[PDB]
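Form deposited in one PDB entry, single chain, as structure tokens, below.
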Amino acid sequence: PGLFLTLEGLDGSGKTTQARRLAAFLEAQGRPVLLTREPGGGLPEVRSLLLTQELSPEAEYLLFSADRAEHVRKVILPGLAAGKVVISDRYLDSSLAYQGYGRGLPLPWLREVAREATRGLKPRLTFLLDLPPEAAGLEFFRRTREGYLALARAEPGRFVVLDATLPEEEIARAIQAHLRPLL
């Protein structure tokens, strides 16, 4: 039946290091893992389109969504069906935080697009590396950072909020502890 986990945070939060440590830790426990990421896990070329100058926030979200739709269908759901722990470094919450809270797109529209895009697939746990925004324009990063924390307040059983300024090995231990019962 598989287990779906995601990592979230601003760039430079350690989200990527923790994703990779978590995969190693599960693979060293002998259990099959698939490590993936967004953007690009669905449509690797999306990275090009995303860099378009002056891209509207609507277009930006739709590009992330096109990647995400492919990613869920071709990578994530097949991996879960094989009984893998699938870990995504970024998933839907990244859009909600960056394009919703950061760029100001309406959350309900984002969720409706996502409903089909993701086939309703939600992570069992999402580890949010909460990084002060200055350590990542600043106003945008503040909105995005706070957005992530709003998302975590709204779904307090799914989100595990971690202080990204802690040493890496302490963050990893905290992630491992959250995960032990779901083994």
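Heads up: residue numbers just count along the shown sequence, starting at 1.
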Unresolved deposited residues in the interval that joins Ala136 and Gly137: 10 or more
Mean temperature factor over C-alpha atoms, higher-scoring stretch between 98-106 and 79-87: 79-87
Of 39-47 and 63-71, the one with larger mean CA B-factor: 39-47
Out of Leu10, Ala164, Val160, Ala23, residue topping the C-alpha B-factor column of the entry: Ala23
Third assignment of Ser56 from its chain's C-alpha B-factors: middle
Chain-wide C-alpha B factor ranking for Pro123, given as lowest, middle or highest third: middle
Within-chain third of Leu3 by Cα B-factor, per the entry: middle
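Quick note: we don't show the form solved in complex with a small molecule, though the next part is all about it.
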Any non-hydrogen atom of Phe64 within 4.5 angstroms of the small molecule in the bound PDB entry: yes
Distance check, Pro39 to the small molecule in the bound PDB entry, heavy atom within 4.5 Å: yes
Heavy atom of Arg47 within 4.5 Å of the small molecule in the bound PDB entry: yes
Residue stretch of 64-72, 25-33, 150-158, 112-120 approaching the small molecule in the bound PDB entry, non-hydrogen atom distance within 4.5 Å: 64-72
